[PDB]
Amino acid sequence: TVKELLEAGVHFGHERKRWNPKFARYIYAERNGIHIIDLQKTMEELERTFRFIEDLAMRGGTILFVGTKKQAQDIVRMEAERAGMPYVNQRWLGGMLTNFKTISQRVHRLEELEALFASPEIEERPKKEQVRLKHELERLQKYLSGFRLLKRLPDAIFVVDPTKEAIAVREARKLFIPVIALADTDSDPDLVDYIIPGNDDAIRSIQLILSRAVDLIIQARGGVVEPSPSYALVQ
Amino acid sequence: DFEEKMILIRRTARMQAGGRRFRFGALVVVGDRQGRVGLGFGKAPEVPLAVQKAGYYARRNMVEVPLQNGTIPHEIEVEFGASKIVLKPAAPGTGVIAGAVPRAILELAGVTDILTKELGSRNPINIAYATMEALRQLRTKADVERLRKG
Amino acid sequence: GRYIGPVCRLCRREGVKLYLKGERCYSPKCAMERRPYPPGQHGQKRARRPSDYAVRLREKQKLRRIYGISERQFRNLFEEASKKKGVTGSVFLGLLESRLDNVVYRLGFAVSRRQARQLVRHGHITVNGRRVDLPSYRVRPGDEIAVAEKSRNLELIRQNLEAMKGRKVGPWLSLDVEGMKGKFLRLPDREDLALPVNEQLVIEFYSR
Amino acid sequence: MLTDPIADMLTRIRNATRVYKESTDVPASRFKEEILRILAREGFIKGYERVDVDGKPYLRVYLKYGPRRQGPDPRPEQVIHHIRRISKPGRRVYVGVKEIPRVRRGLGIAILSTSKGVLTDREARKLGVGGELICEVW
RNA sequence: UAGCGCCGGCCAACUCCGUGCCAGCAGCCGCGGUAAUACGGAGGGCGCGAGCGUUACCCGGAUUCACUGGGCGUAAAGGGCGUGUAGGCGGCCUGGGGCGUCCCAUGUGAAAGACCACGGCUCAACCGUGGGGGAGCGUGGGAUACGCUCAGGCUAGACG
RNA sequence: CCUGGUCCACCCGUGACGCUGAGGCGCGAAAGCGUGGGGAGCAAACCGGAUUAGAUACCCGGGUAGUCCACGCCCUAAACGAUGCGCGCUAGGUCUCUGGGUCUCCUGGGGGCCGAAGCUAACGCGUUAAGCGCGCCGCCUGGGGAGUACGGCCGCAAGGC
Ligand SMILES: [K+]
Ligand SMILES: [K+]
Ligand SMILES: [K+]
Ligand SMILES: [K+]
Ligand SMILES: [K+]
Ligand SMILES: [K+]
Ligand SMILES: [K+]
Ligand SMILES: [Mg+2]
Ligand SMILES: [Mg+2]
Ligand SMILES: [Mg+2]
Ligand SMILES: [Mg+2]
Ligand SMILES: [Mg+2]
Ligand SMILES: [Mg+2]
Ligand SMILES: [Mg+2]
Ligand SMILES: [Mg+2]
Ligand SMILES: [Mg+2]
Ligand SMILES: [Mg+2]
Ligand SMILES: [Mg+2]
Ligand SMILES: [Mg+2]
Ligand SMILES: [Mg+2]
Ligand SMILES: [Mg+2]
Ligand SMILES: [Mg+2]
Ligand SMILES: [Mg+2]
Ligand SMILES: [Mg+2]
Ligand SMILES: [Mg+2]
Ligand SMILES: [Mg+2]
Ligand SMILES: [Mg+2]
Ligand SMILES: [Mg+2]
Ligand SMILES: [Mg+2]
Ligand SMILES: [Mg+2]
Ligand SMILES: [Mg+2]
Ligand SMILES: [Mg+2]
Ligand SMILES: [Mg+2]
Ligand SMILES: [Mg+2]
Ligand SMILES: [Mg+2]
Ligand SMILES: [Mg+2]
Ligand SMILES: [Mg+2]
Ligand SMILES: [Mg+2]
Ligand SMILES: [Mg+2]
Ligand SMILES: [Mg+2]
Ligand SMILES: [Mg+2]
Ligand SMILES: [Mg+2]
Ligand SMILES: [Mg+2]
Ligand SMILES: [Mg+2]
Ligand SMILES: [Mg+2]
Ligand SMILES: [Mg+2]
Ligand SMILES: [Mg+2]
Ligand SMILES: [Mg+2]
Ligand SMILES: [Mg+2]
Ligand SMILES: [Mg+2]
Ligand SMILES: [Mg+2]
Ligand SMILES: [Mg+2]
Ligand SMILES: [Mg+2]
Ligand SMILES: [Mg+2]
Ligand SMILES: [Mg+2]
Ligand SMILES: [Mg+2]
Ligand SMILES: [Mg+2]
Ligand SMILES: [Mg+2]
Ligand SMILES: [Mg+2]
Ligand SMILES: [Mg+2]
Ligand SMILES: [Mg+2]
Ligand SMILES: [Mg+2]
Ligand SMILES: [Mg+2]
Ligand SMILES: [Mg+2]
Ligand SMILES: [Mg+2]
Ligand SMILES: [Mg+2]
Ligand SMILES: [Mg+2]
Ligand SMILES: [Mg+2]
Ligand SMILES: [Mg+2]
Ligand SMILES: [Mg+2]
Ligand SMILES: [Mg+2]
Ligand SMILES: [Mg+2]
Ligand SMILES: [Mg+2]
Ligand SMILES: [Mg+2]
Ligand SMILES: [Mg+2]
Ligand SMILES: [Zn+2]
């Protein structure tokens with residue numbers, strides 16, 4: 001909540017090409033063939049975005065974090081592994097929201113196989129199944145790791161790159177689910193309800209924004225949590 | 001609570017090695033006659049499953065109609081594909097004057113007197129979609145002044 | 001022509017109990033009480049989902065066969081109502097109810113509308129004093145429909161007006177039983193009629 | 001050159017609103033300005049103002065839109081859903097006072113050019129004069 | 001006195017027998033070559049009814065000559081290309097005229113018909129009375145935003 | 001050598017002198033016609049060899065008109081972007097031709113590809129519009145009959161409109 005001057009590395013955008021003209025309002029200028037985000041409008045939108053986040057958090061709402069850019073995977077896997085908001089990390093399966101019932105059936109199979117490997121029924125029905133179901137539970141935990149926490153449809157979603165995760169954005173629009181997103185120059189701002197005009201490539205921007213967001217979430221529900229152990233993931 | 005009536009039921013066919021294989025498509029309108037309508041198009045290997053699926057899709061796609069004394073507030077003209085729909089309000093005592101598709105759609109919406117005309121393509125699917133978009137493009141004087149507040 | 005022939009077959013075909021014989025459509029002998037299916041060899045067979053034209057045509061045929069009016073006069077009355085200002089359906093119903101034979105039936109002078117037609121056609125009915133023998137005569141608000149003084153000694157009128165003791169008449173009608181007369185107070189509203197017919201379906205039928 | 005400056009302005013407004021622009025510049029003229037007065041008075045635009053481009057005077061029309069909508073296509077509802085020129089060069093349309101159209105059964109406007117100035121449908125009907133049916137907007 | 005058409009879909013009304021791409025039906029799609037709701041007959045049904053059908057013709061549906069109200073990349077349809085005559089169309093500002101445009105008053109718009117109201121033949125058809133209308137054109141007066149014209153000015157089009 | 005078109009920079013000059021365009025007039029690939037010339041290669045017709053059931057073809061060996069030039073005719077076409085001309089408006093990215101400039105790049109004109117909004121029946125089009133508009137010309141109104149018949153105009157004829 002004090003990220004005014006500590007925003008080191010967020011103003012960096014993508015190149016001159018691969019941009020979206022609809023983002024021109026959130027751009028300050030172009031330095032050395034690279035779009036640089038407007039520093040003022042960044043916090044201008046951050047006010048309203050974080051205010052919506054606090055309102056939805058203190059009401060007890062669930063937010064789905066979505067990240068697949070391979071630069072925010074290890075960060076989302078723990079910033080959402082804090083206060084119990086679910087997440088999707090490896091890839092966004094088509095129909096996680098519109099076909100939410102079938103994916104919940106997949107989650108049922110996940111916890112069923114978890115109950116099988118907890119019961120003494122592991123050894124019966126010989127080793128063929130002990131390998132098949134082992135690999136099946138492996139991949140189910142690989143994909144539905146954070147998604148298993150959703151019992152109903154989420155009240156909002158959080159996206160790291162709305163261009164790379166455009167399918168989740170589209171499904172959220174279809175179901176009238178608010179779309180919080182960390183938008184860059186390559187993204188369409190109209191599809192994002194609450195926009196965060198920052199960098200989606202640099203690890204520091206993602207760590208800063210997501211850490212402060214989860215800190216605001218836990219601050220809305222009381223019991224301020226220690227700083228997130230995602231700094232060591234700078235590497 | 002919800003009234004349901006099918007527009008048309010057709011049997012389409014694909015070609016497979018050995019012969020043609022059929023698939024049934026059905027249009028279904030659902031309405032409470034209070035100002036809410038819904039249009040759905042379901043496809044299933046059998047007819048009853050297609051009718052039920054079209055009913056589900058019709059309940060999923062709803063349109064709020066701003067009725068004013070059982071008629072429409074202002075004349076509309078909608079081009080869906082090559083099909084054109086022309087809606088025009090009428091005084092009470094007239095009745096719903098329309099083709100089968102728009103008559104069913106507007107009657108299930110709660111309309112009692114209106115003057116319509118289908119133009120261009122008479123295709124029941126495109127005419128149904130044109131009538132749905134027409135009802136979706138309806139505005140009231142309240143909505144008009146709401147837009148022009150400034 | 002007046003369709004003259006079997007009547008309760010229409011009670012069956014129309015699917016709704018009609019009253020074309022007066023009595024015996026109230027007694028368990030209407031053949032609609034015991035045979036509600038349409039007539040013919042294929043009456044008991046499973047009916048197919050009728051078309052919209054089927055629904056509108058059957059509704060209009062119900063409304064027409066209720067009064068026993070030919071298609072010519074029926075279409076003429078409908079066009080006449082559509083020319084007038086006001087709701088086409090309610091004005092049409094008020095016109096049909098204004099027919100002299102239907103007024104005779106409503107005032108209890110005859111048990112059925114066809115018996116009322118025979119009573120009018122044979123000069124047993126007077127309007128404001130003058131004898132009128134036209135079932136298609138239109139009654140105006142304020143006209144006194146009376147029984148012919150020379151006919152008040154007939155057996156049928158004695159029976160009919162002997163059964164009308166204690167019975168009530170429509171809100172738009174008054175009845176003097178001792179003098180064997182009545183008055184047409186006003187045109188009846190749609191709420192006043194208990195007809196099992198949707199008039200908008202008939203309007204849509206003639207909209208084609 | 002422009003064969004119909006008024007229709008050119010109306011088309012500029014149409015194409016600008018269809019992409020949700022902020023404002024649009026139209027080559028200035030007293031007729032266009034008297035039309036934009038009616039536009040701003042009726043509420044189809046936030047307003048207009050005279051500006052200067054490199055050497056020539058123009059009119060900046062500040063467009064007006066509705067609130068951002070939900071679901072797919074969050075683009076807001078257009079305040080000017082439809083704007084069409086009627087009395088074009090080569091086929092000019094003149095109407096008497098009893099021949100003035102009621103646009104969308106009252107919800108729209110019809111801009112008339114009459115001997116008493118540029119008015120709307122209701123304004124000209126109240127004044128009691130007809131003239132050239134410039135355009136219709138609703 | 002009750003008759004006439006229809007009963008595969010459009011289109012309201014289904015069975016039996018005969019026939020076997022024969023005999024035939026048919027407004028359009030089409031039906032008949034062994035078990036035809038389509039032919040022929042019967043029973044039954046549907047629609048009208050002193051009428052019911054057929055044919056012809058007109059308008060309609062037909063937005064299918066598109067003023068309202070259509071089109072031309074591949075469905076019918078951009079001329080092989082240019083120069084350019086008549087014609088059609090005409091950037092910004094001021095003024096005069098008032099031809100187009102608009103407004104007021106007035107005359108004309110016979111009667112019958114059409115519309116509305118009341119009334120006369122027992123109703124109706126038919127008829128009478130009264131009322132209301134109305135585009136267009138003539139005249140007098142007025143308005144000048146736009147189109148027009150004349151006079152002047154400007155440089156964003158055009159040319160140099 | 002003679003000559004047309006066109007683009008950019010300066011903001012210099014005229015002061016609406018503009019757009020389109022029924023007729024008219026001119027241009028108009030190839031083939032074809034006339035007169036004269038030329039004629040290496042190619043090559044309709046044709047002369048043969050093969051192939052084939054036959055081969056008036058494809059394949060092979062020859063070969064005339066023609067292709068070429070001058071002058072004069074002919075007016076056709078898948079004469080094609082199967083998209084008339086002009087102007088204004090409406091996201092961009094990339095490739096390229098050609099100017100100008102503070103020469104990473106910007107700006108202007110032209111040729112391509114991908115694509116916003118939008119359009120379209122779809123394919124697809126998308127600042128080179130098939131989008132949004134305006135002006136003007138041409139043309140369409142089911143298929144066959146038929147681009148035929150008659151008539152007219154044009155042409156030496158073939159034939160064309
Ligand atoms: K459209
Ligand atoms: K025979
Ligand atoms: K038969
Ligand atoms: K007209
Ligand atoms: K020679
Ligand atoms: K052509
Ligand atoms: K250069
Ligand atoms: Mg609404
Ligand atoms: Mg179309
Ligand atoms: Mg059509
Ligand atoms: Mg009426
Ligand atoms: Mg009427
Ligand atoms: Mg006039
Ligand atoms: Mg009206
Ligand atoms: Mg009012
Ligand atoms: Mg049927
Ligand atoms: Mg027959
Ligand atoms: Mg015929
Ligand atoms: Mg046999
Ligand atoms: Mg048989
Ligand atoms: Mg038969
Ligand atoms: Mg019979
Ligand atoms: Mg006849
Ligand atoms: Mg016809
Ligand atoms: Mg027509
Ligand atoms: Mg029409
Ligand atoms: Mg025709
Ligand atoms: Mg037209
Ligand atoms: Mg067309
Ligand atoms: Mg073509
Ligand atoms: Mg061309
Ligand atoms: Mg001229
Ligand atoms: Mg000229
Ligand atoms: Mg001018
Ligand atoms: Mg002129
Ligand atoms: Mg003046
Ligand atoms: Mg004048
Ligand atoms: Mg007269
Ligand atoms: Mg008269
Ligand atoms: Mg009378
Ligand atoms: Mg008058
Ligand atoms: Mg005058
Ligand atoms: Mg003056
Ligand atoms: Mg001048
Ligand atoms: Mg120059
Ligand atoms: Mg100068
Ligand atoms: Mg000068
Ligand atoms: Mg030219
Ligand atoms: Mg020419
Ligand atoms: Mg040539
Ligand atoms: Mg040649
Ligand atoms: Mg030669
Ligand atoms: Mg020679
Ligand atoms: Mg050779
Ligand atoms: Mg050879
Ligand atoms: Mg040979
Ligand atoms: Mg052979
Ligand atoms: Mg041989
Ligand atoms: Mg020769
Ligand atoms: Mg080509
Ligand atoms: Mg071309
Ligand atoms: Mg072009
Ligand atoms: Mg370019
Ligand atoms: Mg493309
Ligand atoms: Mg699109
Ligand atoms: Mg596509
Ligand atoms: Mg263009
Ligand atoms: Mg023909
Ligand atoms: Mg031909
Ligand atoms: Mg032809
Ligand atoms: Mg030819
Ligand atoms: Mg000839
Ligand atoms: Mg000759
Ligand atoms: Mg020859
Ligand atoms: Mg020829
Ligand atoms: Zn009965």
# chains A, B, ... in the order shown; residues from 1 in each chain; ligands from 1
>>> residues_near_ligand(ligand="ligand 2", cutoff="8 Å", atoms="only C-alpha atoms (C1' of nucleotides) and all ligand atoms", output="PyMOL selection string")
chain E and resi 19+22-23
>>> interface_residues(of="chain D", to="chain B", cutoff="10 Å", atoms="only C-alpha atoms", output="short mmCIF file (atom, residue, chain, number, x, y, z; two decimals) with N, CA, C and O atoms, in the first residue's frame")
data_model
loop_
_atom_site.label_atom_id
_atom_site.label_comp_id
_atom_site.auth_asym_id
_atom_site.auth_seq_id
_atom_site.Cartn_x
_atom_site.Cartn_y
_atom_site.Cartn_z
N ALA D 40 -26.35 19.45 -29.26
CA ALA D 40 -25.99 19.61 -27.86
C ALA D 40 -27.21 19.92 -26.99
O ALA D 40 -27.26 19.52 -25.83
N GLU D 42 -30.24 18.77 -27.48
CA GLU D 42 -30.99 17.53 -27.31
C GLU D 42 -30.22 16.49 -26.50
O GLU D 42 -30.84 15.55 -25.98
N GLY D 43 -28.91 16.63 -26.37
CA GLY D 43 -28.12 15.74 -25.55
C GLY D 43 -27.37 14.65 -26.28
O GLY D 43 -26.78 13.79 -25.61
N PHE D 44 -27.37 14.65 -27.61
CA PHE D 44 -26.65 13.63 -28.36
C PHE D 44 -25.14 13.83 -28.31
O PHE D 44 -24.40 12.91 -28.69
N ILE D 45 -24.67 14.99 -27.88
CA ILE D 45 -23.25 15.26 -27.72
C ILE D 45 -23.04 16.01 -26.41
O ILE D 45 -23.94 16.68 -25.90
N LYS D 46 -21.83 15.89 -25.86
CA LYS D 46 -21.45 16.70 -24.71
C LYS D 46 -21.37 18.18 -25.07
O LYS D 46 -21.46 19.03 -24.18
N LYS D 64 -20.71 11.70 -26.83
CA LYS D 64 -21.33 11.25 -25.59
C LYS D 64 -21.65 9.77 -25.70
O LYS D 64 -22.10 9.30 -26.75
N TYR D 65 -21.39 9.03 -24.63
CA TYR D 65 -21.63 7.59 -24.60
C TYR D 65 -22.30 7.21 -23.29
O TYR D 65 -22.41 8.02 -22.36
N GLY D 66 -22.75 5.96 -23.21
CA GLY D 66 -23.39 5.46 -22.03
C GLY D 66 -22.40 4.82 -21.07
O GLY D 66 -21.18 4.96 -21.22
N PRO D 67 -22.90 4.12 -20.07
CA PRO D 67 -22.02 3.43 -19.12
C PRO D 67 -21.49 2.13 -19.70
O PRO D 67 -22.13 1.48 -20.54
N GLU D 77 -23.18 1.64 -24.47
CA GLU D 77 -24.25 1.88 -25.42
C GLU D 77 -24.07 3.24 -26.08
O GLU D 77 -23.71 4.23 -25.44
N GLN D 78 -24.31 3.28 -27.39
CA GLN D 78 -24.15 4.52 -28.15
C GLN D 78 -25.30 5.47 -27.84
O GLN D 78 -26.47 5.08 -27.88
N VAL D 79 -24.97 6.73 -27.54
CA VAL D 79 -26.00 7.74 -27.37
C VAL D 79 -26.67 8.05 -28.70
O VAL D 79 -27.89 8.20 -28.78
N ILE D 80 -25.88 8.13 -29.77
CA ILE D 80 -26.40 8.34 -31.12
C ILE D 80 -26.44 6.97 -31.77
O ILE D 80 -25.48 6.52 -32.40
N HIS D 81 -27.57 6.28 -31.62
CA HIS D 81 -27.71 4.95 -32.21
C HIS D 81 -27.81 5.02 -33.73
O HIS D 81 -27.42 4.06 -34.41
N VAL D 103 -40.15 11.06 -35.14
CA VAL D 103 -39.04 10.11 -35.18
C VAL D 103 -39.17 9.13 -34.02
O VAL D 103 -39.20 9.54 -32.85
N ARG D 104 -39.24 7.84 -34.34
CA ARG D 104 -39.27 6.76 -33.34
C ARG D 104 -40.40 6.97 -32.33
O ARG D 104 -40.26 6.64 -31.15
N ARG D 105 -41.52 7.51 -32.81
CA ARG D 105 -42.68 7.82 -31.97
C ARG D 105 -42.28 8.72 -30.79
O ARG D 105 -42.66 8.49 -29.64
N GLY D 106 -41.51 9.77 -31.10
CA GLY D 106 -41.17 10.79 -30.14
C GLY D 106 -39.78 10.67 -29.54
O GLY D 106 -39.22 11.69 -29.10
N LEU D 107 -39.21 9.47 -29.50
CA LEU D 107 -37.92 9.28 -28.85
C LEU D 107 -36.77 9.87 -29.66
O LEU D 107 -35.71 10.14 -29.09
N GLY D 108 -36.95 10.07 -30.96
CA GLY D 108 -35.93 10.66 -31.80
C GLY D 108 -36.23 12.11 -32.14
O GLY D 108 -37.20 12.71 -31.68
N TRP D 138 -31.62 9.48 -33.82
CA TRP D 138 -32.25 8.80 -32.69
C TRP D 138 -31.33 7.74 -32.09
O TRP D 138 -30.23 7.50 -32.59
#
>>> residues_near_ligand(ligand="ligand 53", cutoff="12 Å", atoms="only C-alpha atoms (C1' of nucleotides) and all ligand atoms", output="list in words")
residues 33, 34, 35, 36, 37, 38, 39, 65, 66, 67, 68, 69 and 70 of chain F
>>> residues_near_ligand(ligand="ligand 7", cutoff="12 Å", atoms="only C-alpha atoms (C1' of nucleotides) and all ligand atoms", output="list in words")
residues 98, 99, 100, 101, 103, 105, 106 and 107 of chain F
>>> residues_around(residues="stretch 151-164 of chain C", least_positions_apart="6", cutoff="8 Å", atoms="only C-alpha atoms (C1' of nucleotides)", output="list in words")
residues 108, 109, 110, 111, 124, 177 and 180 of chain C
>>> write_last_selection(atoms="N, CA and C atoms", output="PDB file, in the first residue's frame")
ATOM      1  N   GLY C 108     -84.371 -15.632 -21.690  1.00  0.00           N
ATOM      2  CA  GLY C 108     -85.076 -16.815 -21.242  1.00  0.00           C
ATOM      3  C   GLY C 108     -86.388 -17.093 -21.939  1.00  0.00           C
ATOM      4  N   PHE C 109     -86.689 -16.393 -23.037  1.00  0.00           N
ATOM      5  CA  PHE C 109     -87.913 -16.687 -23.775  1.00  0.00           C
ATOM      6  C   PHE C 109     -87.818 -18.021 -24.501  1.00  0.00           C
ATOM      7  N   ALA C 110     -86.611 -18.431 -24.881  1.00  0.00           N
ATOM      8  CA  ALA C 110     -86.377 -19.722 -25.509  1.00  0.00           C
ATOM      9  C   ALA C 110     -85.215 -20.417 -24.814  1.00  0.00           C
ATOM     10  N   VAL C 111     -85.270 -21.749 -24.789  1.00  0.00           N
ATOM     11  CA  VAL C 111     -84.233 -22.508 -24.101  1.00  0.00           C
ATOM     12  C   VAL C 111     -82.950 -22.561 -24.927  1.00  0.00           C
ATOM     13  N   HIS C 124     -93.657 -14.307 -33.157  1.00  0.00           N
ATOM     14  CA  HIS C 124     -94.084 -14.359 -31.764  1.00  0.00           C
ATOM     15  C   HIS C 124     -93.369 -13.342 -30.885  1.00  0.00           C
ATOM     16  N   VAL C 177     -91.373 -10.706 -15.869  1.00  0.00           N
ATOM     17  CA  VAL C 177     -91.873 -12.049 -16.140  1.00  0.00           C
ATOM     18  C   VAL C 177     -93.393 -12.054 -16.263  1.00  0.00           C
ATOM     19  N   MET C 180     -94.275 -10.606 -19.472  1.00  0.00           N
ATOM     20  CA  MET C 180     -93.588 -11.355 -20.523  1.00  0.00           C
ATOM     21  C   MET C 180     -92.841 -10.413 -21.469  1.00  0.00           C
TER      22      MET C 180
END
>>> residues_near_ligand(ligand="ligand 10", cutoff="9 Å", atoms="only C-alpha atoms (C1' of nucleotides) and all ligand atoms", output="ChimeraX atom specification")
/B:82,119-122 /E:64
>>> residues_near_ligand(ligand="ligand 63", cutoff="9 Å", atoms="only C-alpha atoms (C1' of nucleotides) and all ligand atoms", output="list in words")
residues 109, 110, 111, 127 and 128 of chain F
>>> interface_residues(of="chain F", to="chain B", cutoff="12 Å", atoms="only C-alpha atoms (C1' of nucleotides)", output="count of residues only")
4
